Amino acid sequence: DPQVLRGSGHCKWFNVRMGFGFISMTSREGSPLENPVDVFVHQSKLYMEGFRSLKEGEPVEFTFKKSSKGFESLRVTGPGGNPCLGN
Amino acid sequence: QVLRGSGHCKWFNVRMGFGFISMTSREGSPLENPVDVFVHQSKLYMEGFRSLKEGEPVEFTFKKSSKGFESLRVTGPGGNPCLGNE
Amino acid sequence: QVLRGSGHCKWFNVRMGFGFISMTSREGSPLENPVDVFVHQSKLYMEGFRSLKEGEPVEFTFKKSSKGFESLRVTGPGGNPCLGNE
Amino acid sequence: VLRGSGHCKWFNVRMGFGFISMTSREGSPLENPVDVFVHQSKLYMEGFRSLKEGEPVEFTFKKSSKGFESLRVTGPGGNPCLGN
Amino acid sequence: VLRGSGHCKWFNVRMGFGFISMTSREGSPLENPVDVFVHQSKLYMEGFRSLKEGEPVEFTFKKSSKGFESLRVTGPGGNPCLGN
Amino acid sequence: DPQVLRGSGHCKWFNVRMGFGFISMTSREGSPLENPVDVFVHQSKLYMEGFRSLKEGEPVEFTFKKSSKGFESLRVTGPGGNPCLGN
Amino acid sequence: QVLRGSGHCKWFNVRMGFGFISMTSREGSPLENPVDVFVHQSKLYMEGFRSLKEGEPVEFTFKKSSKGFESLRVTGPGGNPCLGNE
Amino acid sequence: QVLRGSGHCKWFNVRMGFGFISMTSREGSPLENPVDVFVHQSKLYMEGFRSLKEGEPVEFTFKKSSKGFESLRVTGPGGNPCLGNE
RNA sequence: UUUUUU
RNA sequence: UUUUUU
């Protein structure tokens, strides 16, 4: 298979009761995007210990794929591959 | 004032209980460019299991949020129950 | 006999389904220091999804419980519906 | 980050939360304990997460609308909590 | 169908079950109570289902590998259980 | 829309941890079937009070529809429209 | 002896966590007429969220039950993780 | 100090995730009348989905609890895995 | 089918 | 993301 796509951006929203949200992707494959793209993010894909969440606006890096949703994340970290911080 | 629009389901993930509506009319006027409106299963007017099916026509109230726009209450045309994809 | 108080929502977490009220009046007399009263979503008087918004004013019945106080029924001022923040 | 230590005051497994009696704040012993809210999601341990009344804990916390709210709770030395 | 009456012996809301002390079996008073298992799913009431220690109950039951196992539990007169 | 299809039969299996099972349909639209047809049944569709379940072999009547699953039930009762009995 | 077969996913309901495998080989021999084998998500060898995608090739162990036949452990070809439809 | 016993599964419900053991030996001495010991799925020594089958023989550590006895660790004879019945 | 997460 | 029901 082709290698998975990668990008970076920030959390648009994340609802912890729902257990999901969206990332605004502002860079893709190492190049800035003129127009940001929303990417779905589920709690199960967040790299961090304990309860998993993202804070609005928090910077993230991720791998993702195309789907019927548009685009969805496969694994999500903070900058530098650090754990996400969450709320 | 509560914001009102109409359109059709863009897509809906039945397992996760949410999707998006493509809004094609807002506040009584047609939109040339459709606008995505988030929709959660809990906001759907219908009996039994709540979901939407891609393409089904909807009328709804909504509000601005960090999601962009999100639904408050969603029905089919004329206030009919939504159909869904159970 | 149920105890009566009023105050405001201290906090409420909708994933948890509960929070605390800061009681600032008890049996009609004002308190200088607020008193914590537990509040479960199942006790909130309102339609739809039940929650409280931080700071919203509430009236309630409550009882003594092993570790403090727990509300039995919670309304807004005048017995109106709570407002919420889902 | 704020840190303290103490012991479980009480814990409610129906609702998934309790209180810690904080007896030291940032390494300074307190004459009287301070209440710290603790949700089950904060407890470092495998399986069903709870605290046993009186068990010793070490924790990070913050000021919030809850009062003092624990963020990550362990036993002594960073080891898992015991629970019931 | 077997029927009896009694009161809640104890109830565990973490695990969702308890025991009824059956003090009458098919309308006949018992010198000593008989244990009857009760799962939360059997309790006739709205909302969160539990029994309060000592609350009076009326119930159908059967013999099973549990011993005596309640099938539908109400309060006096077929009214809802009270719970905690 | 056309009226919903109806049939009768018996529970093939029902797993209460899963919350679902299958019905073996042996009559459809009031006529016996030479070859029985399996019809999915979810707990939410069982007409009865309290915890919802079917016992293996229990006789049922139901409305159903075609789906990607094959066929799935819309509402399930016992004989005569009586509540299901369950376990 | 544990029963072994191979085939492909017939269909799989991701929300409900189950489906059927169309078994086209059993105990080393080809089947002319495929045989339905129930499969639950809990029996799928793969990391992360467990499901199957319609048509994906599978190898599995199974047993007779009131379901007809049901899977005990399911992999892709050669023992590979299943692919799924998350 | 943990108490030791052996016996057999009285019943086990996999939706509940628990059951009871009938203890028929305590600290190596036989009992005429079996004694109930609660058993949670989380205490069962086996791979995969944890359960007990009615009548299967077990060995265990246990403790006194407020309403009876509760098992701490449960195995089959000789410390082998429990068998189960999912 | 003790998810205000059907 | 207190579902051995991810």
# chains A, B, ... in the order shown; residues from 1 in each chain; ligands from 1

$ interface_residues --of "chain D" --to "chain J" --cutoff "9 Å" --atoms "only C-alpha atoms (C1' of nucleotides)" --output "JSON, numbers by chain"
{"D": [13, 16, 40, 41, 47, 48, 49, 50]}

$ write_last_selection --atoms "C-alpha atoms" --output "short mmCIF file (atom, residue, chain, number, x, y, z; two decimals), in the first residue's frame"
data_model
loop_
_atom_site.label_atom_id
_atom_site.label_comp_id
_atom_site.auth_asym_id
_atom_site.auth_seq_id
_atom_site.Cartn_x
_atom_site.Cartn_y
_atom_site.Cartn_z
CA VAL D 13 -17.86 4.09 43.00
CA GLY D 16 -16.87 7.51 40.04
CA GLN D 40 -11.87 7.91 38.69
CA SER D 41 -10.31 8.82 35.34
CA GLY D 47 -8.50 -2.40 35.95
CA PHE D 48 -11.41 -0.81 37.84
CA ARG D 49 -10.28 2.53 39.24
CA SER D 50 -11.04 3.49 42.84
#

$ calpha_fit_and_write --fixed "chain A" --moving "chain F" --output "PDB file with N, CA and C atoms, in the first residue's frame"
ATOM      1  N   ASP F   1       0.860  -1.224   0.000  1.00  0.00           N
ATOM      2  CA  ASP F   1       0.000   0.000   0.000  1.00  0.00           C
ATOM      3  C   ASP F   1       0.883   1.257   0.000  1.00  0.00           C
ATOM      4  N   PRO F   2       0.370   2.381  -0.535  1.00  0.00           N
ATOM      5  CA  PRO F   2       1.096   3.646  -0.361  1.00  0.00           C
ATOM      6  C   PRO F   2       1.275   3.975   1.113  1.00  0.00           C
ATOM      7  N   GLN F   3       2.309   4.740   1.416  1.00  0.00           N
ATOM      8  CA  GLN F   3       2.485   5.186   2.774  1.00  0.00           C
ATOM      9  C   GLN F   3       1.340   6.092   3.172  1.00  0.00           C
ATOM     10  N   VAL F   4       1.034   6.087   4.457  1.00  0.00           N
ATOM     11  CA  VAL F   4      -0.054   6.903   4.992  1.00  0.00           C
ATOM     12  C   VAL F   4       0.335   8.369   4.864  1.00  0.00           C
ATOM     13  N   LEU F   5      -0.672   9.202   4.663  1.00  0.00           N
ATOM     14  CA  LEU F   5      -0.511  10.662   4.589  1.00  0.00           C
ATOM     15  C   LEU F   5      -0.256  11.242   5.990  1.00  0.00           C
ATOM     16  N   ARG F   6       0.471  12.342   6.060  1.00  0.00           N
ATOM     17  CA  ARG F   6       0.765  13.009   7.306  1.00  0.00           C
ATOM     18  C   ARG F   6       0.474  14.491   7.172  1.00  0.00           C
ATOM     19  N   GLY F   7       0.189  15.114   8.286  1.00  0.00           N
ATOM     20  CA  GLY F   7      -0.031  16.546   8.315  1.00  0.00           C
ATOM     21  C   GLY F   7       0.078  17.082   9.704  1.00  0.00           C
ATOM     22  N   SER F   8      -0.155  18.390   9.836  1.00  0.00           N
ATOM     23  CA  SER F   8      -0.153  19.069  11.121  1.00  0.00           C
ATOM     24  C   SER F   8      -1.207  20.143  11.140  1.00  0.00           C
ATOM     25  N   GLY F   9      -1.540  20.611  12.326  1.00  0.00           N
ATOM     26  CA  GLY F   9      -2.555  21.633  12.428  1.00  0.00           C
ATOM     27  C   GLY F   9      -2.905  21.869  13.886  1.00  0.00           C
ATOM     28  N   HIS F  10      -4.177  22.158  14.135  1.00  0.00           N
ATOM     29  CA  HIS F  10      -4.648  22.364  15.493  1.00  0.00           C
ATOM     30  C   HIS F  10      -6.045  21.845  15.681  1.00  0.00           C
ATOM     31  N   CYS F  11      -6.388  21.521  16.909  1.00  0.00           N
ATOM     32  CA  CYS F  11      -7.751  21.072  17.208  1.00  0.00           C
ATOM     33  C   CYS F  11      -8.753  22.189  16.927  1.00  0.00           C
ATOM     34  N   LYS F  12      -9.720  21.900  16.098  1.00  0.00           N
ATOM     35  CA  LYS F  12     -10.899  22.738  15.887  1.00  0.00           C
ATOM     36  C   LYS F  12     -11.862  22.650  17.057  1.00  0.00           C
ATOM     37  N   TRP F  13     -12.287  21.441  17.397  1.00  0.00           N
ATOM     38  CA  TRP F  13     -13.102  21.164  18.559  1.00  0.00           C
ATOM     39  C   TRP F  13     -12.923  19.734  18.948  1.00  0.00           C
ATOM     40  N   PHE F  14     -13.193  19.449  20.204  1.00  0.00           N
ATOM     41  CA  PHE F  14     -13.191  18.078  20.676  1.00  0.00           C
ATOM     42  C   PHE F  14     -14.158  17.931  21.828  1.00  0.00           C
ATOM     43  N   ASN F  15     -15.167  17.105  21.669  1.00  0.00           N
ATOM     44  CA  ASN F  15     -16.199  16.928  22.675  1.00  0.00           C
ATOM     45  C   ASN F  15     -15.949  15.628  23.414  1.00  0.00           C
ATOM     46  N   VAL F  16     -15.622  15.729  24.725  1.00  0.00           N
ATOM     47  CA  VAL F  16     -15.260  14.531  25.469  1.00  0.00           C
ATOM     48  C   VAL F  16     -16.401  13.624  25.853  1.00  0.00           C
ATOM     49  N   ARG F  17     -17.627  14.123  25.878  1.00  0.00           N
ATOM     50  CA  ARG F  17     -18.751  13.235  26.055  1.00  0.00           C
ATOM     51  C   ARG F  17     -18.938  12.370  24.809  1.00  0.00           C
ATOM     52  N   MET F  18     -18.790  12.975  23.644  1.00  0.00           N
ATOM     53  CA  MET F  18     -18.925  12.273  22.365  1.00  0.00           C
ATOM     54  C   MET F  18     -17.711  11.376  22.168  1.00  0.00           C
ATOM     55  N   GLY F  19     -16.542  11.850  22.589  1.00  0.00           N
ATOM     56  CA  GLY F  19     -15.287  11.141  22.388  1.00  0.00           C
ATOM     57  C   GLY F  19     -14.642  11.395  21.020  1.00  0.00           C
ATOM     58  N   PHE F  20     -14.959  12.521  20.401  1.00  0.00           N
ATOM     59  CA  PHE F  20     -14.415  12.829  19.110  1.00  0.00           C
ATOM     60  C   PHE F  20     -14.484  14.333  18.809  1.00  0.00           C
ATOM     61  N   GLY F  21     -13.895  14.726  17.699  1.00  0.00           N
ATOM     62  CA  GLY F  21     -13.862  16.108  17.242  1.00  0.00           C
ATOM     63  C   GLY F  21     -13.237  16.196  15.893  1.00  0.00           C
ATOM     64  N   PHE F  22     -12.799  17.394  15.550  1.00  0.00           N
ATOM     65  CA  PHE F  22     -12.085  17.666  14.303  1.00  0.00           C
ATOM     66  C   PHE F  22     -10.823  18.461  14.521  1.00  0.00           C
ATOM     67  N   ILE F  23      -9.831  18.150  13.710  1.00  0.00           N
ATOM     68  CA  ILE F  23      -8.613  18.886  13.547  1.00  0.00           C
ATOM     69  C   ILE F  23      -8.665  19.769  12.311  1.00  0.00           C
ATOM     70  N   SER F  24      -8.209  21.017  12.412  1.00  0.00           N
ATOM     71  CA  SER F  24      -7.999  21.868  11.232  1.00  0.00           C
ATOM     72  C   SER F  24      -6.557  21.614  10.772  1.00  0.00           C
ATOM     73  N   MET F  25      -6.416  20.931   9.638  1.00  0.00           N
ATOM     74  CA  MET F  25      -5.096  20.655   9.055  1.00  0.00           C
ATOM     75  C   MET F  25      -4.619  21.895   8.305  1.00  0.00           C
ATOM     76  N   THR F  26      -3.464  22.419   8.707  1.00  0.00           N
ATOM     77  CA  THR F  26      -2.866  23.634   8.099  1.00  0.00           C
ATOM     78  C   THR F  26      -1.544  23.345   7.345  1.00  0.00           C
ATOM     79  N   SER F  27      -1.057  22.112   7.447  1.00  0.00           N
ATOM     80  CA  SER F  27       0.109  21.659   6.706  1.00  0.00           C
ATOM     81  C   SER F  27      -0.096  20.207   6.349  1.00  0.00           C
ATOM     82  N   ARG F  28       0.348  19.798   5.164  1.00  0.00           N
ATOM     83  CA  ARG F  28       0.155  18.447   4.713  1.00  0.00           C
ATOM     84  C   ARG F  28       1.414  18.007   4.003  1.00  0.00           C
ATOM     85  N   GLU F  29       1.925  16.851   4.359  1.00  0.00           N
ATOM     86  CA  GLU F  29       3.152  16.311   3.728  1.00  0.00           C
ATOM     87  C   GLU F  29       4.280  17.317   3.736  1.00  0.00           C
ATOM     88  N   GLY F  30       4.338  18.065   4.834  1.00  0.00           N
ATOM     89  CA  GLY F  30       5.412  19.029   5.088  1.00  0.00           C
ATOM     90  C   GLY F  30       5.297  20.372   4.417  1.00  0.00           C
ATOM     91  N   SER F  31       4.178  20.627   3.744  1.00  0.00           N
ATOM     92  CA  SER F  31       3.957  21.923   3.091  1.00  0.00           C
ATOM     93  C   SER F  31       2.701  22.616   3.645  1.00  0.00           C
ATOM     94  N   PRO F  32       2.808  23.922   3.916  1.00  0.00           N
ATOM     95  CA  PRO F  32       1.646  24.665   4.372  1.00  0.00           C
ATOM     96  C   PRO F  32       0.524  24.641   3.348  1.00  0.00           C
ATOM     97  N   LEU F  33      -0.706  24.574   3.819  1.00  0.00           N
ATOM     98  CA  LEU F  33      -1.907  24.631   2.983  1.00  0.00           C
ATOM     99  C   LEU F  33      -2.463  26.028   2.951  1.00  0.00           C
ATOM    100  N   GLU F  34      -2.764  26.534   1.763  1.00  0.00           N
ATOM    101  CA  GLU F  34      -3.495  27.794   1.697  1.00  0.00           C
ATOM    102  C   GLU F  34      -4.857  27.709   2.327  1.00  0.00           C
ATOM    103  N   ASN F  35      -5.552  26.606   2.080  1.00  0.00           N
ATOM    104  CA  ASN F  35      -6.860  26.437   2.638  1.00  0.00           C
ATOM    105  C   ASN F  35      -6.871  25.257   3.580  1.00  0.00           C
ATOM    106  N   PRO F  36      -7.130  25.504   4.853  1.00  0.00           N
ATOM    107  CA  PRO F  36      -7.110  24.383   5.824  1.00  0.00           C
ATOM    108  C   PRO F  36      -8.204  23.354   5.493  1.00  0.00           C
ATOM    109  N   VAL F  37      -7.969  22.137   5.937  1.00  0.00           N
ATOM    110  CA  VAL F  37      -8.857  20.987   5.677  1.00  0.00           C
ATOM    111  C   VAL F  37      -9.225  20.368   7.022  1.00  0.00           C
ATOM    112  N   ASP F  38     -10.517  20.130   7.231  1.00  0.00           N
ATOM    113  CA  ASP F  38     -10.939  19.464   8.485  1.00  0.00           C
ATOM    114  C   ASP F  38     -10.695  17.959   8.410  1.00  0.00           C
ATOM    115  N   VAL F  39     -10.177  17.392   9.490  1.00  0.00           N
ATOM    116  CA  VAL F  39      -9.844  15.966   9.620  1.00  0.00           C
ATOM    117  C   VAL F  39     -10.456  15.432  10.903  1.00  0.00           C
ATOM    118  N   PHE F  40     -11.268  14.394  10.803  1.00  0.00           N
ATOM    119  CA  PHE F  40     -11.885  13.792  11.965  1.00  0.00           C
ATOM    120  C   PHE F  40     -10.870  13.193  12.905  1.00  0.00           C
ATOM    121  N   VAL F  41     -11.134  13.324  14.217  1.00  0.00           N
ATOM    122  CA  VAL F  41     -10.256  12.695  15.201  1.00  0.00           C
ATOM    123  C   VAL F  41     -11.120  12.048  16.291  1.00  0.00           C
ATOM    124  N   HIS F  42     -10.911  10.739  16.482  1.00  0.00           N
ATOM    125  CA  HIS F  42     -11.518   9.994  17.580  1.00  0.00           C
ATOM    126  C   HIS F  42     -10.567   9.864  18.722  1.00  0.00           C
ATOM    127  N   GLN F  43     -11.125   9.798  19.942  1.00  0.00           N
ATOM    128  CA  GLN F  43     -10.317   9.694  21.144  1.00  0.00           C
ATOM    129  C   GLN F  43      -9.311   8.541  21.142  1.00  0.00           C
ATOM    130  N   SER F  44      -9.694   7.455  20.455  1.00  0.00           N
ATOM    131  CA  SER F  44      -8.885   6.237  20.487  1.00  0.00           C
ATOM    132  C   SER F  44      -7.579   6.454  19.744  1.00  0.00           C
ATOM    133  N   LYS F  45      -7.468   7.522  18.938  1.00  0.00           N
ATOM    134  CA  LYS F  45      -6.280   7.771  18.131  1.00  0.00           C
ATOM    135  C   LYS F  45      -5.299   8.764  18.746  1.00  0.00           C
ATOM    136  N   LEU F  46      -5.641   9.305  19.898  1.00  0.00           N
ATOM    137  CA  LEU F  46      -4.790  10.303  20.538  1.00  0.00           C
ATOM    138  C   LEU F  46      -3.683   9.618  21.332  1.00  0.00           C
ATOM    139  N   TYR F  47      -2.442  10.006  21.053  1.00  0.00           N
ATOM    140  CA  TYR F  47      -1.271   9.506  21.786  1.00  0.00           C
ATOM    141  C   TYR F  47      -1.109  10.304  23.046  1.00  0.00           C
ATOM    142  N   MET F  48      -1.463   9.678  24.163  1.00  0.00           N
ATOM    143  CA  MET F  48      -1.294  10.263  25.503  1.00  0.00           C
ATOM    144  C   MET F  48      -1.743   9.204  26.481  1.00  0.00           C
ATOM    145  N   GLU F  49      -1.302   9.350  27.714  1.00  0.00           N
ATOM    146  CA  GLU F  49      -1.718   8.485  28.798  1.00  0.00           C
ATOM    147  C   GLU F  49      -2.970   9.021  29.461  1.00  0.00           C
ATOM    148  N   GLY F  50      -3.665   8.167  30.195  1.00  0.00           N
ATOM    149  CA  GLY F  50      -4.842   8.579  30.955  1.00  0.00           C
ATOM    150  C   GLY F  50      -6.022   8.894  30.040  1.00  0.00           C
ATOM    151  N   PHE F  51      -6.956   9.701  30.497  1.00  0.00           N
ATOM    152  CA  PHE F  51      -8.104  10.067  29.700  1.00  0.00           C
ATOM    153  C   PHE F  51      -7.624  10.865  28.492  1.00  0.00           C
ATOM    154  N   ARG F  52      -8.102  10.493  27.305  1.00  0.00           N
ATOM    155  CA  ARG F  52      -7.659  11.106  26.035  1.00  0.00           C
ATOM    156  C   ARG F  52      -8.564  12.224  25.578  1.00  0.00           C
ATOM    157  N   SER F  53      -7.963  13.368  25.263  1.00  0.00           N
ATOM    158  CA  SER F  53      -8.726  14.485  24.790  1.00  0.00           C
ATOM    159  C   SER F  53      -7.784  15.458  24.081  1.00  0.00           C
ATOM    160  N   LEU F  54      -8.372  16.408  23.357  1.00  0.00           N
ATOM    161  CA  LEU F  54      -7.682  17.553  22.816  1.00  0.00           C
ATOM    162  C   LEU F  54      -8.364  18.796  23.355  1.00  0.00           C
ATOM    163  N   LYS F  55      -7.603  19.871  23.535  1.00  0.00           N
ATOM    164  CA  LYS F  55      -8.118  21.186  23.859  1.00  0.00           C
ATOM    165  C   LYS F  55      -8.301  21.958  22.564  1.00  0.00           C
ATOM    166  N   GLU F  56      -9.362  22.772  22.447  1.00  0.00           N
ATOM    167  CA  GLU F  56      -9.487  23.664  21.288  1.00  0.00           C
ATOM    168  C   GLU F  56      -8.231  24.441  21.094  1.00  0.00           C
ATOM    169  N   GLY F  57      -7.754  24.493  19.860  1.00  0.00           N
ATOM    170  CA  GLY F  57      -6.594  25.224  19.493  1.00  0.00           C
ATOM    171  C   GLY F  57      -5.275  24.547  19.722  1.00  0.00           C
ATOM    172  N   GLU F  58      -5.287  23.386  20.381  1.00  0.00           N
ATOM    173  CA  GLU F  58      -4.004  22.739  20.682  1.00  0.00           C
ATOM    174  C   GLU F  58      -3.333  22.263  19.391  1.00  0.00           C
ATOM    175  N   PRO F  59      -2.019  22.479  19.276  1.00  0.00           N
ATOM    176  CA  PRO F  59      -1.287  22.067  18.078  1.00  0.00           C
ATOM    177  C   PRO F  59      -1.092  20.562  18.035  1.00  0.00           C
ATOM    178  N   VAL F  60      -1.281  20.000  16.845  1.00  0.00           N
ATOM    179  CA  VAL F  60      -1.146  18.557  16.689  1.00  0.00           C
ATOM    180  C   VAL F  60      -0.394  18.189  15.400  1.00  0.00           C
ATOM    181  N   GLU F  61       0.131  16.972  15.390  1.00  0.00           N
ATOM    182  CA  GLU F  61       0.682  16.337  14.234  1.00  0.00           C
ATOM    183  C   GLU F  61      -0.023  15.003  14.098  1.00  0.00           C
ATOM    184  N   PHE F  62      -0.229  14.525  12.882  1.00  0.00           N
ATOM    185  CA  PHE F  62      -0.982  13.300  12.700  1.00  0.00           C
ATOM    186  C   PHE F  62      -0.721  12.617  11.378  1.00  0.00           C
ATOM    187  N   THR F  63      -1.025  11.337  11.323  1.00  0.00           N
ATOM    188  CA  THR F  63      -1.208  10.627  10.071  1.00  0.00           C
ATOM    189  C   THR F  63      -2.729  10.537   9.840  1.00  0.00           C
ATOM    190  N   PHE F  64      -3.132  10.415   8.574  1.00  0.00           N
ATOM    191  CA  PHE F  64      -4.534  10.428   8.201  1.00  0.00           C
ATOM    192  C   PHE F  64      -4.757   9.707   6.876  1.00  0.00           C
ATOM    193  N   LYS F  65      -6.034   9.481   6.610  1.00  0.00           N
ATOM    194  CA  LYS F  65      -6.438   8.901   5.337  1.00  0.00           C
ATOM    195  C   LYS F  65      -7.730   9.515   4.859  1.00  0.00           C
ATOM    196  N   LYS F  66      -7.976   9.357   3.557  1.00  0.00           N
ATOM    197  CA  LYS F  66      -9.277   9.664   2.989  1.00  0.00           C
ATOM    198  C   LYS F  66     -10.299   8.634   3.432  1.00  0.00           C
ATOM    199  N   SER F  67     -11.554   9.076   3.613  1.00  0.00           N
ATOM    200  CA  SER F  67     -12.652   8.162   3.870  1.00  0.00           C
ATOM    201  C   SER F  67     -13.954   8.815   3.392  1.00  0.00           C
ATOM    202  N   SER F  68     -15.076   8.146   3.687  1.00  0.00           N
ATOM    203  CA  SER F  68     -16.405   8.720   3.418  1.00  0.00           C
ATOM    204  C   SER F  68     -16.646   9.965   4.275  1.00  0.00           C
ATOM    205  N   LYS F  69     -15.971  10.045   5.423  1.00  0.00           N
ATOM    206  CA  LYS F  69     -16.080  11.242   6.271  1.00  0.00           C
ATOM    207  C   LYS F  69     -15.408  12.431   5.639  1.00  0.00           C
ATOM    208  N   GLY F  70     -14.598  12.264   4.598  1.00  0.00           N
ATOM    209  CA  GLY F  70     -13.752  13.366   4.178  1.00  0.00           C
ATOM    210  C   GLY F  70     -12.340  12.810   4.394  1.00  0.00           C
ATOM    211  N   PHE F  71     -11.749  13.149   5.545  1.00  0.00           N
ATOM    212  CA  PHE F  71     -10.457  12.694   6.007  1.00  0.00           C
ATOM    213  C   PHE F  71     -10.531  12.367   7.483  1.00  0.00           C
ATOM    214  N   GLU F  72      -9.836  11.316   7.890  1.00  0.00           N
ATOM    215  CA  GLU F  72      -9.824  10.943   9.287  1.00  0.00           C
ATOM    216  C   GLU F  72      -8.412  10.579   9.733  1.00  0.00           C
ATOM    217  N   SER F  73      -8.114  10.925  10.981  1.00  0.00           N
ATOM    218  CA  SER F  73      -6.806  10.722  11.518  1.00  0.00           C
ATOM    219  C   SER F  73      -6.617   9.260  11.957  1.00  0.00           C
ATOM    220  N   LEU F  74      -5.376   8.804  11.814  1.00  0.00           N
ATOM    221  CA  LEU F  74      -4.956   7.436  12.222  1.00  0.00           C
ATOM    222  C   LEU F  74      -4.207   7.417  13.551  1.00  0.00           C
ATOM    223  N   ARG F  75      -3.417   8.447  13.782  1.00  0.00           N
ATOM    224  CA  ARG F  75      -2.677   8.605  15.047  1.00  0.00           C
ATOM    225  C   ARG F  75      -2.383  10.075  15.185  1.00  0.00           C
ATOM    226  N   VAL F  76      -2.579  10.615  16.375  1.00  0.00           N
ATOM    227  CA  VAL F  76      -2.436  12.050  16.603  1.00  0.00           C
ATOM    228  C   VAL F  76      -1.544  12.302  17.808  1.00  0.00           C
ATOM    229  N   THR F  77      -0.567  13.169  17.639  1.00  0.00           N
ATOM    230  CA  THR F  77       0.376  13.556  18.691  1.00  0.00           C
ATOM    231  C   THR F  77       0.387  15.068  18.788  1.00  0.00           C
ATOM    232  N   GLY F  78       1.129  15.560  19.766  1.00  0.00           N
ATOM    233  CA  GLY F  78       1.513  16.956  19.789  1.00  0.00           C
ATOM    234  C   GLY F  78       2.693  17.241  18.866  1.00  0.00           C
ATOM    235  N   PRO F  79       3.180  18.493  18.856  1.00  0.00           N
ATOM    236  CA  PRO F  79       4.390  18.814  18.128  1.00  0.00           C
ATOM    237  C   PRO F  79       5.550  17.908  18.528  1.00  0.00           C
ATOM    238  N   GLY F  80       6.340  17.536  17.525  1.00  0.00           N
ATOM    239  CA  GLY F  80       7.550  16.761  17.801  1.00  0.00           C
ATOM    240  C   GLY F  80       7.281  15.324  18.169  1.00  0.00           C
ATOM    241  N   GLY F  81       6.042  14.853  17.955  1.00  0.00           N
ATOM    242  CA  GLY F  81       5.645  13.516  18.381  1.00  0.00           C
ATOM    243  C   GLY F  81       5.413  13.353  19.885  1.00  0.00           C
ATOM    244  N   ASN F  82       5.367  14.470  20.604  1.00  0.00           N
ATOM    245  CA  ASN F  82       5.095  14.468  22.031  1.00  0.00           C
ATOM    246  C   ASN F  82       3.677  14.054  22.288  1.00  0.00           C
ATOM    247  N   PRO F  83       3.366  13.515  23.476  1.00  0.00           N
ATOM    248  CA  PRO F  83       1.955  13.234  23.777  1.00  0.00           C
ATOM    249  C   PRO F  83       1.093  14.468  23.637  1.00  0.00           C
ATOM    250  N   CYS F  84      -0.162  14.243  23.286  1.00  0.00           N
ATOM    251  CA  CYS F  84      -1.108  15.341  23.301  1.00  0.00           C
ATOM    252  C   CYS F  84      -1.299  15.788  24.755  1.00  0.00           C
ATOM    253  N   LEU F  85      -1.713  17.022  24.905  1.00  0.00           N
ATOM    254  CA  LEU F  85      -1.933  17.558  26.258  1.00  0.00           C
ATOM    255  C   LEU F  85      -3.375  17.388  26.745  1.00  0.00           C
ATOM    256  N   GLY F  86      -4.335  17.632  25.868  1.00  0.00           N
ATOM    257  CA  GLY F  86      -5.734  17.563  26.236  1.00  0.00           C
ATOM    258  C   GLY F  86      -6.192  18.713  27.114  1.00  0.00           C
ATOM    259  N   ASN F  87      -7.381  18.556  27.624  1.00  0.00           N
ATOM    260  CA  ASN F  87      -7.916  19.541  28.587  1.00  0.00           C
ATOM    261  C   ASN F  87      -7.203  19.738  29.902  1.00  0.00           C
TER     262      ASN F  87
END

$ select_by_dssp --residues "chain E" --states "strand (DSSP E or B)" --output "number ranges by chain"
E: 2-12, 17-25, 28-39, 43, 56-64, 67-74

$ residues_around --residues "residue 66 in chain D" --least-positions-apart "4" --cutoff "12 Å" --atoms "only C-alpha atoms (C1' of nucleotides)" --output "NGL selection string"
(:C and (9-13 or 18-22 or 36 or 38 or 54)) or (:D and (19 or 35-39 or 61-62 or 70))

$ write_last_selection --atoms "C-alpha atoms" --output "CSV table (one decimal), in the first residue's frame"
chain,number,residue,atom,x,y,z
C,9,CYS,CA,-24.2,26.1,39.8
C,10,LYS,CA,-20.6,25.7,41.0
C,11,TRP,CA,-19.7,23.3,38.2
C,12,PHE,CA,-21.4,20.7,36.1
C,13,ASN,CA,-19.7,18.0,33.9
C,18,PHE,CA,-23.2,15.6,37.7
C,19,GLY,CA,-21.7,18.6,39.5
C,20,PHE,CA,-22.1,20.7,42.5
C,21,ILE,CA,-24.3,23.6,43.5
C,22,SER,CA,-23.0,26.4,45.7
C,36,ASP,CA,-21.5,22.5,48.4
C,38,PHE,CA,-24.1,17.5,45.0
C,54,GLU,CA,-21.7,27.5,35.7
D,19,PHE,CA,-12.0,13.5,47.7
D,35,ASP,CA,-10.1,18.9,50.1
D,36,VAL,CA,-9.0,17.9,46.5
D,37,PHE,CA,-11.6,16.5,44.1
D,38,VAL,CA,-10.7,13.2,42.4
D,39,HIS,CA,-12.4,11.6,39.4
D,61,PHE,CA,-3.7,19.2,40.8
D,62,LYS,CA,-5.0,22.6,39.6
D,70,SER,CA,-6.6,16.4,40.9

$ atom_distance --atom1 "CA of residue 69 in chain B" --atom2 "CA of residue 39 in chain B"
9.0 Å

$ closest_atom_pairs --of "chain H" --to "chain F" --cutoff "10 Å" --atoms "only C-alpha atoms" --output "tab-separated table"
residue	atom	partner	partner_atom	distance
H:13	CA	F:17	CA	9.2
H:14	CA	F:17	CA	6.9
H:15	CA	F:17	CA	4.7
H:16	CA	F:17	CA	8.4
H:17	CA	F:17	CA	9.8
H:86	CA	F:17	CA	9.6
